[PDB]
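Undergrad: sequence, then the experimental structure. Questions to follow.
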Amino acid sequence: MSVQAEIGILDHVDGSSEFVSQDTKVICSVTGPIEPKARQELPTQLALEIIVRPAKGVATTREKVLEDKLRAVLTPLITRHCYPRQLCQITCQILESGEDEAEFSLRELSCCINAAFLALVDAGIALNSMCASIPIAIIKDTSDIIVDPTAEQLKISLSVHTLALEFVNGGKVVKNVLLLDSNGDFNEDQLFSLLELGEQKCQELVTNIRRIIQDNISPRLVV
Amino acid sequence: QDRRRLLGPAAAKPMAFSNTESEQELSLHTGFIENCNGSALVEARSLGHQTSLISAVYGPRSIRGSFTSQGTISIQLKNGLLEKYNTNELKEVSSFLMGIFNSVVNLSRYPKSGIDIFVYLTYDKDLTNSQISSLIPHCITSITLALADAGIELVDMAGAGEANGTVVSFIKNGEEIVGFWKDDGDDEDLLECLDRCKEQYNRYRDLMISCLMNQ
Amino acid sequence: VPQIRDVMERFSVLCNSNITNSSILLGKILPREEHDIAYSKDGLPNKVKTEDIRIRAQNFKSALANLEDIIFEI
Amino acid sequence: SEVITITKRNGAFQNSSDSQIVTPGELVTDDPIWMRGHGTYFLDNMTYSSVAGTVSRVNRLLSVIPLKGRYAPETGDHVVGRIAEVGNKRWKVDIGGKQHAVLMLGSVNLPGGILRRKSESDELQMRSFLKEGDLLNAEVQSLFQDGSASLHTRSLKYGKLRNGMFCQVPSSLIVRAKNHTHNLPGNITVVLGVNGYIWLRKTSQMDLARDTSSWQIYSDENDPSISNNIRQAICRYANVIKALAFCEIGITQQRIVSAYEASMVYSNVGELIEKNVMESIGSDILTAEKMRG
Amino acid sequence: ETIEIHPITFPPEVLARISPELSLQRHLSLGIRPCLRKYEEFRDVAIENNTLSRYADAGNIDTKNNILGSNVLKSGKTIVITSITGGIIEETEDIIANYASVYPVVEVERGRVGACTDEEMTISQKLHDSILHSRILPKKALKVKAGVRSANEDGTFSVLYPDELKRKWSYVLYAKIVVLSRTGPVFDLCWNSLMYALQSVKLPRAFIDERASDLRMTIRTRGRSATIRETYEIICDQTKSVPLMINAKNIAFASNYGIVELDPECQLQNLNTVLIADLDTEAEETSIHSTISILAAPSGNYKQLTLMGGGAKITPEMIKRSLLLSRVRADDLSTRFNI
Amino acid sequence: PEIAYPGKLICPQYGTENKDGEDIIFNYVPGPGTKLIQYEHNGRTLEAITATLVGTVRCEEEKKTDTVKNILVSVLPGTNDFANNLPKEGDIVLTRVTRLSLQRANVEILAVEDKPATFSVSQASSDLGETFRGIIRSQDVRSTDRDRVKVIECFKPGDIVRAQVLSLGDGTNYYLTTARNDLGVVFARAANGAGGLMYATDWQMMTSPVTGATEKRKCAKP
RNA sequence: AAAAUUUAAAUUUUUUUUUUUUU
C-alpha cells in the first residue's frame, strides 16, 4: 500500500491536502464557507464550485468531466443543509500524471477524490460519512483483474474502472456506492466480481486512513 | 486555439471538391418545442432551392436592467449545418427584422418584459449549378407563426413578398408597406416590384392562417 | 342614427372587399405526436394506448383534489 | 437657396485685462501670511497652483480660479434638471455638473397642495408624478459634505416643463442677475437655467401674472392651441442663442431682443444656421454694444 | 391535540412548478410518472437517416454540399439532429492505440444566449471518451488510398486509382449535435442519435493530382538554405465514394436509470424502492440522486456503465434488473430502423 | 363574429339597434385582444375593433353603480398562456421565497390567480433566472405591530406565500405585500426541505405532524 | 439692573479563449 498523505500544508486556505499514491502526486485545496457570488447562491443548500488544474496544458473539456463526476460524489458527502446561501470553492491540482492523459484519466479520478476527501477534514466542514476510491483494471491479454494497476498495465488493460464507496460504522458498512466508472469492454459476470475485491479494498484503504487522520491531527488537537 | 472546444488537431483540413414564373412552396407547423412558448416550423422548396429553418420564442423574460414602459425584442440568426452566411451579414438582417415588428407588437401590453427570438438557418439546398436576400420573407412568416403560438398581442399577420432580389413587407392585405429591402436589380422596376411581392404576400398570409385556424 | 348606420353601411363593403399542406423535407417528423412503448416479460415492444393515460389523468385528478380536503391527525 | 454647407480644405489636420495666469506645478509665492483655498496646494510656504487659471488674491485669501471645468452648483440658483433616476424615496437628476442632484420625495409641489399631506402610498407612486429625462424648474437648496447639492420646488413657479423646446449651452456665457425668468415679445418665455440648460415655452397666464389647474403639474399635455406663428417664432429665438454661443457672448435679455430684431433681415429661418451669418449678427451686436451702455 | 388539519390542495400544474418533488411523490403514490407514464413505460424513438447528407440522392448528388451521413432523432419532446463532416490531415488487435474517434460539437438551444455552456462542454468530451472505450474504430478505417488524375489525351482527365495495397493520408471526422426542446437528461439521446449517423457515413473518394504543380520550394537562411517539401493537396472526388468500415459487433446503445426511496406520507389511495428508466421531466432530474447510465451492444455487450449513487442504496438486483432492461431497449433500436 | 385570427377585423366602434321604436346606440369598447384601427378606404376613414389574437370573440357589458349602450369587446383563447395574464396592480400572486434580508424579503413570481380558484401559473424556468422576481419589504409583512418586525419569525427560503401586489416598483423587481390576516404563508417543508411537510397551526402559527416541531410563520387564513 | 435668543446632512450585483508585425 504505497500511499501516503499530508494534511494542512497550505496557509491562506481553509482545507489543504497532498494525496500521494504510487505514482501520481495530487494536491487539493478547500476554501469555505465563504462569500458566494450573485449567480451562484442557493436559498437552501450549500453551493459548490470545483476547479481541477491538470499537470500539463490548460483547462479544457478533458478536465471538465472529471470535474463534473467529482461534483456528483461530494454532494452527498457534504451536509449541505448546514450552510445556506454560502459557497465553498474547492480546487484540485494535478501535479503528476502517473497515467497517459491522452489515453486515460483513470487514476486521477481515483486520486482526486482521495485527495479532496482529506482537505475537507483539514477544513472541518459538516460531512456525512467516510469514502475511498481505487483504480481497477482488467488486462486484455491475460484476462485477469488488478487492483491499482500501472500505465503500462493500462496499455494491455482491456477495461478501466473506478469505484467510489460510502463507508460508515467505523467506516465498515458500505452505506452506498458513490461512483462506479465502468469503462472498456465488460459483461454482466465480471462486474459483481469487479465489485467484490473493491468491496474489500476500499475498506482496507480506509482502514489505513482512519489511523492517518488521527495521527496527523491529534497533535494539532489540544488536550 | 480555442481551449473551450474540440476542434481536432490543427494541421488537418476539410475535404475539397471540384467540377468533373416558378413556384415556391411551404409546409408550416407549430407546437413542437417544449422549452419555448412559441415554435414554428418552415419547409421551403423552389426550383433549385430547398430551405428549412426554425423560429424560437422565449417571453416574457424578466429584465434585470431597469424600468421600461413596454416590451423589448431580441433576435438571433444562427447558421445551421451547411450554409454559412457571414457574421456581419447576419445582424444586418436582424436589424431589418426588428423594425417591422416594432410596427407589430403591442409592447405597451408588456411592460418590463423581454422578447427572445432564435432563428436557426438550419439547412438549405441551393442546387443551381444577394444569396441571403432570397431568404428574407420566409423569416418574417416563420417568426409570425411562432409569435402567434406564444399568443402575443400582434396587430397584423404581416408578410413580405419577394421579386428578384427585392423584399417588400406588407400589412392590411398589402394596402400598406411596413418593411423595405432592395438590392441591385433594374431601375424603376418598382411598380412591377410592387406586384409579384404582393401576390406572394397574398398567397402566404392565407397559407399561414390556414395553419392555425384549421388547428 | 344614420351616421352610425353610414358606418354600418361602410363597414359592409370594405369588409366585403377583404374577403393544402404536404411536408416535403422535415415536417413529417417534427410535429410527430410522441408515443410511449413498453415491453412484456418477453421483452417485445408494446405501444401505449392513448386512451389509458387520459383515464389515468382523470384518475389522477380525482383522488388528488378529493382525498386532500381534510387531514385528521394527532 | 441651398441644402448643405460644403466648403473644402484638404491637406491638413487643422487650420494652422492683465492678471496672473498660472499653471499646475507652479509656485505662486512663499509669503506665509496668505491663506490657501481653492486651486491651491502647498508645502508650508510653497504656494502651488493646480489648474490652468487665474490668481485670485482676496485681501488675505489667495485662491486659484480655473478657466475650464464643469458647472459649479451653488444654493438658491435657478436651473433645469433632466430626470436621471428614481431611488428609494429619492430621485436622481442631472445638473450638467459633476454629479446628480438629489430631490426628496416630499420636496415637491403636490396637486391639491398641502391639504394633500403625507402618505406612505406616495412611494408606490413615485413614477406617477415623475419619470426619466423630464425637464423642470428647480431651486437649489443646500449641499452635502462633498459639494453635491439638492433641489426643490418651493413655489408654483417651479415645476415640470411643457409648451415648448429645450436647448443647451456652455454655463459660462449665462450672466448672473437678480432675475431669470424672462418674457419676450412673441408671447413667449425663456427659462434660463444657470447651469447651461435653456427651455423655451409659450407665455402662460402665470407668466402674465408675474407682471400685472393646479392639477396639471405632472401632465405631458400642452396647450392644444399652438400656432405655427408661435412655433416658427420659437426657432428664431432658438438659433440666435447658438449664435451668441458660437460667438462667445454673455447673454443679455436685451441682447436677445437685439439679436431678434437684427435677425429680421432674414425671413428664411433656415438661414439662421450659417457660421458666417451668426458671426455677422454676432459682429452686429458687438458693434451695437459700442453705442448704448 | 388530535386535530383535523385541513390542507390546501391545488391543480396539478400548480404543484409541479411549486414542488417538483412532492408532485413526483403524488405520482409515486399511484406508482406513475409525472410524464404520465407508469414505471417502465418507455418513450418511442423515431428517426430518419441520411436526409441531410448530399449522399441522400444516390441518383444525383448535388454540388456545394459537404455532409457525409445524416441523422434525425425525435424521442419524446426533444428533437436532436446529428450532422457529420470530415477532414483530412496529411498522415506522417484490440489495444487502445489502434483506436481513434471524431470531433463533435453539441449545442443546446436552451434559451440562454452567451458562451458555451458547461453542460454542453461535457457532452462532446463524454461521447468521444466511450467511443474510444467502444473500440469501434481501428485507424485502418482511416487509411486513405488516393488516386492520381491522369492528364490524358486531347485534354481529358481520368483518375488512375490504385487498388489493393511516399506519403500517406488520413480522414479525420467531425460531428455536430443540435438540441432542441430539452426536457431532461440528454446524453442517451446524444449517444444514440450519433450511432445511426455513424452507419450512414460514406467515405468520399479522395485523390491527389497526377503530378501536382505545387512542388518543392527553397528558403534561404543567413548563408544556408533548406527545402520546403512538395505540397500534394489531396482532393476528394465530386462523385465516387466508399462506405465506412465498422466494428459492428461493438455498436452500443444507451439507457439511463433512476432509483428512489419512498415517503409513507405522500400517498393518495385510488421499505419501498422503485427503479425508473427513460428519465426526463425536470422534477425527475432534480430529485433523482442515485442513478445509472449504461452503454450496451445487443449481444450482451457493454461499452460503458455509469453509476452516480447519491440518493438510495443500490441493490445487486436493480443492477441486474437494469441490465435486463438494458438489453431490451437497445436491441429493439438496433432492430427498429434496420440501418 | 365568432372565431378570430390576429388581424380579423370585427366591428366598428358604434352600432345601432331599434328596440321597440326608440333608437338605441351601441358602444363597442376595446378590451384585451383589441385595438381601434382607422381605415381609409376609397377616401373615407373608418375606425374598427380589431382581433389582435387567437381564439374567440366575446362581447359584454357592465355599468358602474355604487339611450346608448356600452359593449365591452373581449378576446380570448379557446379550444396555457401567462403573457395573457401578466401581473397588474393589486393581484394575488403565489411566489417562492428566494432570499431573506434584514431589510426585506425577495421572491420570484410564479402563479397568478384570477377574479370570479382560477389561476395562471407561469410556464417559465427559474433555473435560468428567467422569471420575474419581486420584493417584500419587512415592514410590509403585516400592519399589526408594523414597527418592531422580526423577519425570520414569518419566513424562510423557498416557501410559498399568497401575497398581494403593491405596485410595479422598478423594472428589476416588485413592490409586494402580505399585510392581511387572510394572506401570507401557504406551504413549506420542514427545515427548508430538510424535513417533512408543515401545517399552519393557527392563522398565526405553524407545526408539523410527524415531527412534533412547530415554527413561526405568518400563515394564511385557511 | 434684569430677561432671554437660534440646525436639518445619502444603503443591499447584466455577458463572448490566448497569433501575428522588416539582421
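TA: That came through, no problem. Numbering: from 1, shown residues only, chains lettered A, B, ... in the order given.
Undergrad: all contacts plus neighbour counts: C-alpha atoms, from now on.
TA: Fine.
Undergrad: so what sits opposite residue B:160 in the bridge?
TA: residue B:169 (DSSP bridges).
Undergrad: tally of neighbours for it?
TA: 30 (other C-alpha atoms under 10 Å in any protein chain shown).
Undergrad: show me the contacts for it.
TA: Each residue near residue B:160 by C-alpha atoms under 8 Å, 6 or more residues apart in numbering or on different chains is listed here: B:137-138, B:140-141, B:167-170, B:179, B:197-198, B:200-201.
Undergrad: residues in contact with the residue in chain A positioned nearest to chain B?
TA: Chain B sits closest to residue A:60 of chain A, with a gap of 5.6 Å, by C-alpha to the nearest C-alpha. For residue A:60, the contact set (C-alpha under 8 Å, 6+ apart) comprises B:3-5.
Undergrad: swap in 6 Å and give it another go.
TA: Listed by C-alpha atoms under 6 Å, 6 or more residues apart in numbering or on different chains, the contact set of residue A:60 reads B:3-4.
Undergrad: from residue E:122, how far out is it?
TA: 10 Å (C-alpha to C-alpha, to the nearest Å).
Undergrad: residue D:205 too?
TA: The gap separating residue D:205 from residue E:122 is 73 Å, by C-alpha to C-alpha.
Undergrad: just how off-centre is the helix ranked longest in chain A within its chain?
TA: Using DSSP state H, we find that the single longest helix of chain A is helix A:189-217. How far helix A:189-217 lies from its chain's middle: 12 Å, per C-alpha atoms, centre = their mean, to the nearest Å.
Undergrad: buried residues in that helix?
TA: In terms of neighbour count (16 or more other C-alpha atoms under 10 Å in any protein chain shown), helix A:189-217 has its buried residues at A:194, A:198-199, A:201-203, A:205-206, A:209, A:213.
Undergrad: residue ranges of the strands in the chain, please?
TA: In the absence of a named chain, chain A is used. In chain A, the strands defined using DSSP state E lie at A:4-7, A:15-20, A:25-34, A:47-53, A:87-94, A:130-139, A:145-147, A:157-168, A:173-184.
Undergrad: actually chain C
TA: Going by DSSP E, chain C shows strands at C:36-39, C:45-47, C:71-73.
Undergrad: quick one: closest of those to residue D:280.
TA: Closest to residue D:280 of these is strand C:36-39 (C-alpha to C-alpha; 86.9 Å).
Undergrad: kindly export that closest one (C-alpha atoms) in PDB.
TA: Output in PDB follows, covering the C-alpha atoms of strand C:36-39 (Å, rounded to 0.1, in the frame of the first residue of the first chain):
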ATOM      1  CA  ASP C  36     -44.500   5.600 -25.500                       C
ATOM      2  CA  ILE C  37     -43.800   1.900 -25.600                       C
ATOM      3  CA  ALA C  38     -43.500  -1.000 -23.200                       C
ATOM      4  CA  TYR C  39     -42.000  -4.400 -23.100                       C
END
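Undergrad: quickly check: it near chain E or not.
TA: Yes: Strand C:36-39 comes into contact with chain E (C-alpha under 6 Å from any C-alpha of the partner chain), by way of C:36-38.
Undergrad: quick one: name the residues of chain B near chain F.
TA: Within reach of chain F by C-alpha under 6 Å from any C-alpha, chain B has these residues: B:61-62, B:64, B:66-67, B:112, B:153-156.
Undergrad: okay, now residue C:13: neighbour count?
TA: Neighbours of residue C:13 using other C-alpha under 10 Å come to 12.
Undergrad: apologies, that question was intended for residue F:22.
TA: If you count neighbours by other C-alpha under 10 Å, residue F:22 ends up with 8.
Undergrad: so what sits opposite it in the bridge?
TA: Beta bridges link residue F:22 to residue F:19 when assigned by DSSP bridges.
Undergrad: ok, and the closest non-adjacent residue to the residue of chain C at minimum distance from RNA strand G?
TA: Chain C approaches RNA strand G most closely through residue C:30 (31.1 Å), counting by C-alpha to the nearest atom of the strand. Nearest residue to residue C:30 in three dimensions, chain neighbours excluded: residue B:32, at 6.8 Å (C-alpha to C-alpha, 6 or more residues apart in numbering or on different chains).
Undergrad: did I read that right, that neighbour in a helix?
TA: No: checked against DSSP: H, G, I helix; E, B strand; the rest coil, residue B:32 lies outside a helix; its state is coil.
Undergrad: any idea how far it lies from residue E:103?
TA: Going from residue B:32 to residue E:103 by C-alpha to C-alpha gives 29 Å.
Undergrad: residues near the residue nearest to residue C:30, how many?
TA: By other C-alpha under 10 Å, 21 other residues sit near residue B:32.
Undergrad: same check on residue A:218?
TA: Residue A:218: 10 neighbours (other C-alpha under 10 Å).
Undergrad: next: residue A:49.
TA: Residue A:49: 14 neighbours (other C-alpha under 10 Å).
Undergrad: residues near the residue of chain A found nearest RNA strand G, how many?
TA: Relative to RNA strand G, the nearest point of chain A is residue A:38 (6.3 Å; C-alpha to the nearest atom of the strand). Using other C-alpha under 10 Å, residue A:38 has 7 neighbouring residues.
Undergrad: equivalent analysis for the one 5 residues further on, please.
TA: Counted with other C-alpha under 10 Å, the burial measure for residue A:43 works out to 19 neighbours.
Undergrad: which residue is the nearest non-sequential neighbour of residue B:209?
TA: Nearest non-adjacent residue to residue B:209, counting by C-alpha to C-alpha, 6+ apart: residue F:5, 7.1 Å away.
Undergrad: that neighbour against residue F:56, yeah?
TA: No: counting by C-alpha atoms under 6 Å, residue F:5 sits too far from residue F:56 to count as a contact (8.9 Å).
Undergrad: number of residues surrounding the residue in chain F positioned nearest to RNA strand G?
TA: Closest to RNA strand G within chain F is residue F:103: 6.3 Å, counting by C-alpha to the nearest atom of the strand. Each residue near residue F:103 was counted by other C-alpha under 10 Å, and the total is 10.
Undergrad: if we can go back for a sec, for chain C, see how far away the residue of chain A closest to chain B is.
TA: Distance, residue A:60 to chain C, using C-alpha to the nearest C-alpha, to the nearest Å: 35 Å.
Undergrad: that residue and residue E:303: what is the separation?
TA: Here the distance between residue A:60 and residue E:303 works out to 24 Å (C-alpha to C-alpha).
Undergrad: just name whatever secondary elements the host helix or strand of residue F:111 is in contact with.
TA: Under the criterion DSSP states H and E, the helix or strand holding residue F:111 is strand F:104-113. If contacts are counted by 3 or more C-alpha pairs under 6 Å, 6 or more residues apart in numbering or on different chains; DSSP states H and E, strand F:104-113 sits against strand F:92-100, strand F:119-121, strand F:133-137.
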